[PDB]
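Printed here is target-v1.csv (CSV, C-alpha atoms):
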```csv
chain,number,residue,atom,x,y,z
A,116,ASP,CA,-0.1,11.2,-7.7
A,117,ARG,CA,0.7,8.8,-4.8
A,118,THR,CA,-0.2,5.3,-6.0
A,119,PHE,CA,2.0,3.6,-8.6
A,120,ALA,CA,1.5,0.5,-10.8
A,121,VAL,CA,4.0,-2.4,-10.5
A,122,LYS,CA,4.4,-3.8,-14.0
A,123,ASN,CA,6.1,-7.0,-15.2
A,124,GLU,CA,8.2,-7.5,-18.4
A,125,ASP,CA,5.2,-7.5,-20.7
A,126,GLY,CA,3.8,-4.4,-19.0
A,127,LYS,CA,0.9,-6.1,-17.2
A,128,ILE,CA,-0.1,-4.5,-13.8
A,129,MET,CA,0.7,-7.0,-11.0
A,130,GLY,CA,-0.1,-4.7,-8.1
A,131,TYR,CA,0.5,-1.3,-6.6
A,132,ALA,CA,3.0,0.8,-4.6
A,133,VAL,CA,2.2,3.8,-2.4
A,134,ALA,CA,4.2,6.9,-1.5
A,135,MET,CA,3.5,7.2,2.2
A,136,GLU,CA,5.4,9.0,5.0
A,137,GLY,CA,8.9,9.3,3.4
A,138,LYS,CA,8.7,5.8,2.0
A,139,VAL,CA,7.9,3.8,-1.1
A,140,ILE,CA,5.8,0.9,0.0
A,141,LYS,CA,4.7,-2.2,-1.9
A,142,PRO,CA,3.6,-5.8,-1.0
A,143,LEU,CA,6.4,-8.3,-1.2
A,144,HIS,CA,4.6,-10.9,-3.4
A,145,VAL,CA,3.8,-8.3,-6.1
A,146,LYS,CA,6.4,-9.0,-8.7
A,147,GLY,CA,7.7,-6.4,-11.3
A,148,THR,CA,9.1,-2.9,-11.6
A,149,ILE,CA,7.3,0.2,-10.3
A,150,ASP,CA,6.1,2.2,-13.4
A,151,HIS,CA,7.9,5.5,-12.4
A,152,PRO,CA,11.3,6.9,-13.4
A,153,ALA,CA,12.1,8.1,-9.9
A,154,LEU,CA,11.0,4.8,-8.3
A,155,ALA,CA,12.2,2.0,-10.7
A,156,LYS,CA,15.7,1.4,-9.4
A,157,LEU,CA,15.6,2.1,-5.7
A,158,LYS,CA,17.1,-0.1,-3.0
A,159,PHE,CA,14.4,-2.1,-1.3
A,160,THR,CA,14.4,-3.7,2.1
A,161,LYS,CA,12.2,-6.8,2.3
A,162,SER,CA,10.1,-8.3,5.1
A,163,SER,CA,8.7,-11.8,4.6
A,164,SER,CA,6.9,-11.7,8.0
A,165,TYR,CA,4.6,-8.8,6.9
A,166,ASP,CA,4.7,-9.4,3.1
A,167,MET,CA,6.1,-5.9,2.6
A,168,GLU,CA,9.1,-4.2,1.0
A,169,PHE,CA,10.0,-0.5,1.3
A,170,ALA,CA,12.5,2.1,0.0
A,171,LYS,CA,13.4,5.6,1.1
A,172,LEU,CA,11.2,8.0,-0.9
A,173,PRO,CA,13.0,10.0,-3.6
A,174,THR,CA,13.5,13.5,-2.2
A,175,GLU,CA,12.0,14.9,-5.4
A,176,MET,CA,8.6,13.6,-4.2
A,177,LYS,CA,8.2,14.1,-0.4
A,178,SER,CA,5.2,16.5,-0.8
A,179,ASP,CA,3.5,13.8,-2.8
A,180,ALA,CA,3.1,11.2,-0.1
A,181,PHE,CA,0.2,9.8,1.9
A,182,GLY,CA,-0.1,10.3,5.7
A,183,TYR,CA,-0.9,7.3,7.8
A,184,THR,CA,-3.4,7.2,10.7
A,185,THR,CA,-3.7,4.8,13.6
A,186,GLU,CA,-7.4,5.9,14.0
A,187,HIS,CA,-9.7,3.3,12.5
A,188,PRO,CA,-13.1,3.7,14.2
A,189,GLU,CA,-15.7,1.2,13.0
A,190,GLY,CA,-17.4,2.4,9.8
A,191,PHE,CA,-16.7,2.6,6.1
A,192,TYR,CA,-13.6,3.6,4.3
A,193,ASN,CA,-12.4,4.2,0.7
A,194,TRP,CA,-10.5,2.2,-1.9
A,195,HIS,CA,-10.3,2.3,-5.6
A,196,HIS,CA,-13.2,-0.2,-6.1
A,197,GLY,CA,-15.7,1.3,-3.6
A,198,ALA,CA,-16.5,1.0,0.1
A,199,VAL,CA,-14.5,-1.0,2.6
A,200,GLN,CA,-16.2,-1.8,5.9
A,201,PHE,CA,-14.2,-1.9,9.1
A,202,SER,CA,-16.0,-4.0,11.7
A,203,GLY,CA,-14.8,-6.5,14.4
A,204,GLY,CA,-11.1,-5.8,13.5
A,205,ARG,CA,-11.9,-6.8,9.9
A,206,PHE,CA,-11.8,-4.9,6.6
A,207,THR,CA,-14.5,-6.3,4.2
A,208,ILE,CA,-15.7,-5.6,0.7
A,209,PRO,CA,-18.4,-7.1,-1.5
A,210,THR,CA,-17.1,-10.3,-3.1
A,211,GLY,CA,-16.0,-9.4,-6.7
A,212,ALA,CA,-14.9,-5.8,-5.9
A,213,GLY,CA,-11.3,-7.0,-5.3
A,214,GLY,CA,-9.1,-9.4,-7.2
A,215,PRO,CA,-5.6,-10.1,-8.7
A,216,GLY,CA,-3.9,-6.7,-9.3
A,217,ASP,CA,-5.3,-5.0,-6.3
A,218,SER,CA,-2.5,-5.9,-3.9
A,219,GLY,CA,-0.9,-2.7,-2.8
A,220,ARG,CA,-3.9,-0.4,-3.1
A,221,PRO,CA,-4.4,1.7,0.1
A,222,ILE,CA,-7.6,1.9,2.1
A,223,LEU,CA,-8.3,5.5,3.0
A,224,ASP,CA,-10.6,7.5,5.3
A,225,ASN,CA,-12.5,10.6,4.0
A,226,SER,CA,-9.6,12.9,4.9
A,227,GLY,CA,-7.4,10.9,2.4
A,228,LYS,CA,-5.2,9.3,5.0
A,229,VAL,CA,-4.2,5.6,4.7
A,230,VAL,CA,-5.5,3.1,7.3
A,231,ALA,CA,-4.4,-0.1,5.6
A,232,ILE,CA,-2.6,-1.7,2.6
A,233,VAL,CA,-4.4,-4.5,0.8
A,234,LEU,CA,-2.6,-7.9,0.4
A,235,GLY,CA,-5.5,-10.1,-0.7
A,236,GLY,CA,-8.9,-11.4,0.3
A,237,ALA,CA,-10.7,-14.5,1.7
A,238,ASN,CA,-14.0,-15.2,0.0
A,239,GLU,CA,-16.9,-15.6,2.5
A,240,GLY,CA,-19.8,-15.8,0.0
A,241,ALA,CA,-21.3,-12.3,0.0
A,242,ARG,CA,-18.4,-10.5,1.6
A,243,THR,CA,-14.6,-10.8,1.2
A,244,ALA,CA,-12.4,-10.2,4.3
A,245,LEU,CA,-9.3,-8.3,3.3
A,246,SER,CA,-5.8,-9.3,4.4
A,247,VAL,CA,-4.0,-6.1,5.2
A,248,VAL,CA,-0.9,-4.4,6.7
A,249,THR,CA,-1.7,-1.8,9.4
A,250,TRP,CA,0.6,0.1,11.9
A,251,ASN,CA,-0.1,0.6,15.6
A,252,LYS,CA,0.7,3.7,17.7
A,253,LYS,CA,4.2,2.4,18.4
A,254,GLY,CA,4.9,2.3,14.6
A,255,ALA,CA,5.0,-1.5,14.6
A,256,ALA,CA,3.6,-3.2,11.5
A,257,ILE,CA,0.7,-5.7,11.9
A,258,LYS,CA,-0.3,-8.3,9.2
A,259,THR,CA,-3.9,-9.4,9.5
A,260,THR,CA,-4.3,-12.6,7.6
A,261,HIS,CA,-7.7,-14.4,7.3
A,262,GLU,CA,-8.4,-18.1,6.8
A,263,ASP,CA,-7.9,-19.1,3.1
A,264,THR,CA,-6.6,-15.8,1.8
A,265,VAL,CA,-6.0,-15.4,-1.9
A,266,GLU,CA,-3.0,-13.2,-2.7
A,267,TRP,CA,-3.9,-10.5,-5.3
```

In structure tokens, what does this structure look like?
Amino acid sequence: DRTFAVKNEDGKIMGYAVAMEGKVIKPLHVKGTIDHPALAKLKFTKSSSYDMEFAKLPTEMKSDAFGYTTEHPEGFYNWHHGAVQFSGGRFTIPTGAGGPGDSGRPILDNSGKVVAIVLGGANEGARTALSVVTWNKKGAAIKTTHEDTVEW
């Protein structure tokens, strides 16, 4: 288990957090507590520029953490709701496949490695371009925001 629900006071899922490369990672706008005993009360460092906050992964996990990859050839990828196309520097899904509550879900290749973290989507009719966080070869974070993005 490597993906965790972020729940508010009522218990409603507001988004998701991932265990990835010695870190706990969740979108900044996603409000609530991570539904996991080892993850609930950690010290988080926030980044408004990239809509991301992170904590040092509890050393009881470690073996349960995603690997990240900087290799995103053009093609199709995996996420909880189906196929994500990567084409022209853009991650897209069919409109309707993603919505509020999906912020924080990872986009994966077939080897099970993370390529991106979902922040939200801009509706373009048939397709929805996903706003994401990726990391370059230098390890630097990149936020890709599209025109008229809806936070999820």

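Restricting the calculation to only C-alpha atoms, the smallest distance between residue 145 (chain A) and any of A:176, A:245, A:208, A:234 is found for A:234.
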
(message) Set the distance at 7 Å and use all atoms listed in the file: which residues neighbour residue 246 (chain A) once local chain neighbours fewer than 2 positions away are removed? I'd like the list as a ChimeraX atom specification.
(response) /A:233-236,244,259-261

Output C-alpha atoms of each residue in that selection to a file, as a compact mmCIF listing (two decimals), keeping the file's coordinate frame.
```
# COMPACT_ATOMS: atom_id res chain seq x y z
CA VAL A 233 -4.40 -4.50 0.80
CA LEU A 234 -2.60 -7.90 0.40
CA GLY A 235 -5.50 -10.10 -0.70
CA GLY A 236 -8.90 -11.40 0.30
CA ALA A 244 -12.40 -10.20 4.30
CA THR A 259 -3.90 -9.40 9.50
CA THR A 260 -4.30 -12.60 7.60
CA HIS A 261 -7.70 -14.40 7.30
```

(message) Report as number ranges by chain all protein, DNA and RNA residues lying within 8 Å of region 117-134 of chain A, evaluated on all atoms listed in the file, omitting residues in the same chain fewer than 2 positions from it.
(response) A: 136-142, 145-151, 172, 179-181, 215-221, 267

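Counting only C-alpha atoms and comparing A:242, A:144, A:187, A:196, the residue that lies closest to residue 162 (chain A) is A:144.
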
(message) What's around residue 252 (chain A) at 12 Å? Count all atoms listed in the file, leave out sequence neighbours fewer than 3 positions away in its own chain, and write the answer as a VMD selection string.
(response) chain A and resid 183 to 187 249 255 to 257

(request) Could you jot down the CA of residue 165 (chain A) to CA of residue 248 (chain A) separation for me, Å, one decimal place? (result) 7.0 Å

(message) For a quick check of understanding, using only C-alpha atoms, which of A:209, A:224, A:189, A:170 has the smallest distance to residue 240 (chain A)?
(response) A:209

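CA of residue 226 (chain A) sits 18.0 Å away from CA of residue 206 (chain A).
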
(message) To one decimal place in Å, what is the distance between CA of residue 178 (chain A) and CA of residue 192 (chain A)?
(response) 23.4 Å

(message) Restricting the calculation to all atoms listed in the file: of A:154, A:195, A:116, A:159, which residue gets closest to residue 214 (chain A)?
(response)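 Going through A:154, A:195, A:116, A:159 one by one, the smallest distance to residue 214 (chain A) is for A:195.
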
(message) Considering only C-alpha atoms, can you say which of A:213, A:223, A:232, A:193 comes closest to residue 265 (chain A)?
(response)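 Nearest to residue 265 (chain A): A:213.
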